[PDB]
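Asker:
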Amino acid sequence: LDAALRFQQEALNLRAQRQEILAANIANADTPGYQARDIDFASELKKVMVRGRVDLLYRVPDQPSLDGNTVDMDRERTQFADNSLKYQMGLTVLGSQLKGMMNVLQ
Amino acid sequence: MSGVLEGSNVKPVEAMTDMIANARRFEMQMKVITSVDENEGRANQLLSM
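Here it is as structure tokens:
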């Protein structure tokens, strides 16, 4: 066995990937015609649980800009904060499972 | 009509009011720019921790 950590491990990996995506968003917040992207965390987590080892959907824009850029910075800031917090949560949950598994053991 | 020259039709009163309007419009835009800058400054603290 020892696939009892699989769910949170894959969730934490997808959280890291989403962090990378959102950092790319922030970085390209000025390049003309960027068409900000994102991924759907729930659907991708379910997809990686059912099969194992991610389509880049387009964040639906508000507020056009004539440079084609659609990174609306406020949404990206909120989503980046949410993703960082969820990543830290996943760290704590995995830590608790490993603490428990090594507490029962010795 | 000979013996006569013709000058410029630059109405000075509309030019004066246009310049006053331009100055005031410019400084309203400057206030908008200042507020937007300082907003982005405040907001860039969400990403910490």
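As you go down the protein sequences, you meet chains T and e in turn.
Throughout the first sequence, residue numbering follows the entry's author numbering, covering 5 to 57, 83 to 135 in sequence.
According to the entry's author numbering, the second sequence is numbered sequentially starting from 202.
For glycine and all other residues, C-beta sits at the position ideal for the given N, C-alpha and C.
List the residues of chain e that residue 110 of chain T touches, going by C-beta distances under 7 Å, in chain order.
Answerer: Indexing the first sequence from 1 puts residue 110 of chain T at position 81. What residue 110 of chain T touches in chain e: 247, 248.
Asker: Measure the beta-carbon distance from residue 86 of chain T to residue 44 of chain T and round it to whole angstroms, keeping in mind my assumption that it falls under 8 Å.
Answerer: Stepping through the first sequence from its first residue, residue 86 of chain T is reached at position 57. Stepping through the first sequence from its first residue, residue 44 of chain T is reached at position 40. Sure, about 6 Å apart at Cβ, within 8 Å.
Asker: Under 8 Å Cβ to Cβ from residue 120 of chain T, same chain only, skipping five residues before and after it: list those, please.
Answerer: Within the first sequence, the letter at position 91 stands for residue 120 of chain T. The residues are 16.
Asker: How many Å lie between residue 52 of chain T and residue 7 of chain T at the Cα?
Answerer: Mapped onto the first sequence, residue 52 of chain T falls at position 48. Mapped onto the first sequence, residue 7 of chain T falls at position 3. So the two alpha carbons sit approximately 13 Å from each other.
Asker: Please tell me whether residue 101 of chain T and residue 108 of chain T are closer than 8 Å, where the distance is taken between their beta carbons.
Answerer: Here residue 101 of chain T refers to the residue found at position 72 of the first sequence. Here residue 108 of chain T refers to the residue found at position 79 of the first sequence. It is not a contact, given that the beta carbons lie outside the stated cut-off.
Asker: Using 10 angstroms around the beta-carbon of residue 29 of chain T, count the other beta-carbons present and answer buried if the total reaches 16, otherwise exposed.
Answerer: Working through the first sequence from its first residue, we reach residue 29 of chain T at position 25. Residue 29 of chain T is buried by the Cβ-count criterion.
Asker: Say whether chain T places a C-beta atom closer than 8 Å to the C-beta of residue 216 of chain e.
Answerer: By 1-based counting over the second sequence, the position of residue 216 of chain e is 15. Residue 216 of chain e does not count as touching chain T.
Asker: Output needed in chain order: residues of the region 85-108 of chain T with a Cβ under 8 Å from some Cβ in chain e.
Answerer: The region 85-108 of chain T vs chain e, Cβ under 8 Å: 102, 103, 106, 107.
Asker: Ignore the nearest five residues each way along the sequence and tell me which others in residue 114 of chain T's own chain have a CB closer than 8 Å to its CB.
Answerer: Looking up residue 114 of chain T in the first sequence gives position 85. Excluding positions up to five away in sequence, the list is empty.
Asker: Residue 96 of chain T to residue 223 of chain e, Cα distance in whole Å?
Answerer: If you number the first sequence from 1, residue 96 of chain T lands on position 67. If you number the second sequence from 1, residue 223 of chain e lands on position 22. Those two C-alpha atoms are separated by around 27 Å.
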